[PDB]
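First, one chain by itself: the form deposited without the partner chain, in structure tokens.
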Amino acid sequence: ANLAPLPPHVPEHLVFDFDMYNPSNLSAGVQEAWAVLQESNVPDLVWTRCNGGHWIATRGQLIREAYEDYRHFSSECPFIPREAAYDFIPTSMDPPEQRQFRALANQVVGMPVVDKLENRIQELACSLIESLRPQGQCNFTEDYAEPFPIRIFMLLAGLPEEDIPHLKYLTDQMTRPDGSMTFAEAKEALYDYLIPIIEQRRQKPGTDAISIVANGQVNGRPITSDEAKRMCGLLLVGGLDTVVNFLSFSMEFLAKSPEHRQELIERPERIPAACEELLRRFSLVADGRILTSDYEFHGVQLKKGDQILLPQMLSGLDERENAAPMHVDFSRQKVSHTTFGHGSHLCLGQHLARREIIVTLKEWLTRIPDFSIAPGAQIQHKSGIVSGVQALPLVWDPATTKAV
């Protein structure tokens, strides 16, 4: 059944064979499918024999504690299964070194860059939405959710419009390969692309993200072209699949809940709070760490080299962290989640992501206030490191919409 044999140190009462790439209840919705790990008969910390065999922490308190404890729970191997070539920076690095590359990456996506970009972000959203508005329909995932983050990256990185189809193909192969290329081939292709641009902006710098990363200082010396390509790499792929799929869950829910749409139409000042609460409800990342040594964690013996999945998705859904966690309530006094992670790798794009989400909601709801799922359509989710939405066919009446 693809169950790896149970390591001898793992007690049988801790075994719960969850499959993170194919969970049992997927058709109920992917968050609901993962929430099974939080039923009361399910221990706080379990081992699944799926996918090579690995721990899962199922409660927000454990998830946070392990993300904090990078000395036991290392990022050198963050993906399950173990045999899954990933050299992006700073994602596979622990502190101390991680902190250098992080401060550099922060100069390109940090809050003040985000404030600088806000209306470029709005102008992109408006032109995307305006072109769909008179059609009375779209595949949201395909027609807005994908083109939007990749266009934001071209803006940040100072890259030409004409490169978008090829860059999007390459990033698409990394996360949903059609078979043309291996992951390594897509990566090297991506590197082929970025190397000359980095070399040149080392020499004639702009005020764009590649210029900033190329001309950076690590541990007292300049960044190597290799380190630069591997950072620039993460800056591209880190903001695509997450944003594309998050925007999709959020639009799917809004299309299914006219009352929540109405609330934001009538009170657009609530849109930043609604953004936070959507990020809790439709959280969607689950990566992991590797044990640096033997370690007893909450009464459970963990072995050096064990992988442990620490699902960022699960902290906000945990009923010990938020009451009625499946209920969407834009007025939650305390929205608690780890949707952007927790600890030293906390999402560097978190400020860019919130602006992307806020602007999307504000702009869509004012131009196309009333929209629904396409009659007959059943929305299908998918599950993995980044869970998401397969497609989102939306429809509206063009007469009910505003040219702005």
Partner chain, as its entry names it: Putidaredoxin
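Positions refer to the first chain, counted from 1.
Coordinates are given for every residue of the deposited sequence from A324 through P325, so that no gap is recorded there.
Per the PDB record, of the two stretches 235-243 and 204-212, 204-212 carries the greater mean B-factor over its C-alpha atoms. For the pair 52-60 and 372-380, the mean Cα B-factor is higher in 372-380. Across the residues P147, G305, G288, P177, the deposited record lists the maximum Cα B factor for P177. In this entry, the residue among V328, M111, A273, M251 with the greatest C-alpha B factor is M111. Annotation for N41: CA B-factor lies in the highest third of the chain's modelled residues. Annotation for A228: C-alpha temperature factor in the highest third relative to the rest of the modelled chain, per the entry. Placement of the Cα temperature factor of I265 within the chain: middle third of the modelled residues, per the deposited record. Sorting the modelled residues of the chain by their CA temperature factor places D172 in the highest third. Sort the chain's modelled residues by C-alpha temperature factor and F73 lands in the lowest third, per the entry.
Separately, the form solved in complex with the partner chain exists; it is not shown, and the next lines address it.
Using a 4.5 Å cutoff between non-hydrogen atoms, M111 counts as a contact of the partner chain in the bound PDB entry. When contacts are judged by a 4.5 Å heavy atom cut-off, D115 counts as touching the partner chain in the bound PDB entry.
Put simply, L346 is close to the partner chain in the bound PDB entry: some heavy atom of it is within 4.5 Å. Although the partner is absent here, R367 sits far enough away that none of its heavy atoms falls within 4.5 Å of the partner chain in the bound PDB entry. Contact annotation: the partner chain lies within 4.5 Å of heavy atoms from the stretch 348-356 in the bound PDB entry, the single such stretch among 51-59, 370-378, 348-356, 36-44. Exactly one listed residue, out of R332, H72, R102, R151, brings a non-hydrogen atom to within 4.5 Å of the partner chain in the bound PDB entry: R102.
This chain appears without its partner; in the bound PDB entry, the one residue of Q137, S293, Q200, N106 with a heavy atom within 4.5 Å of the partner chain is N106.
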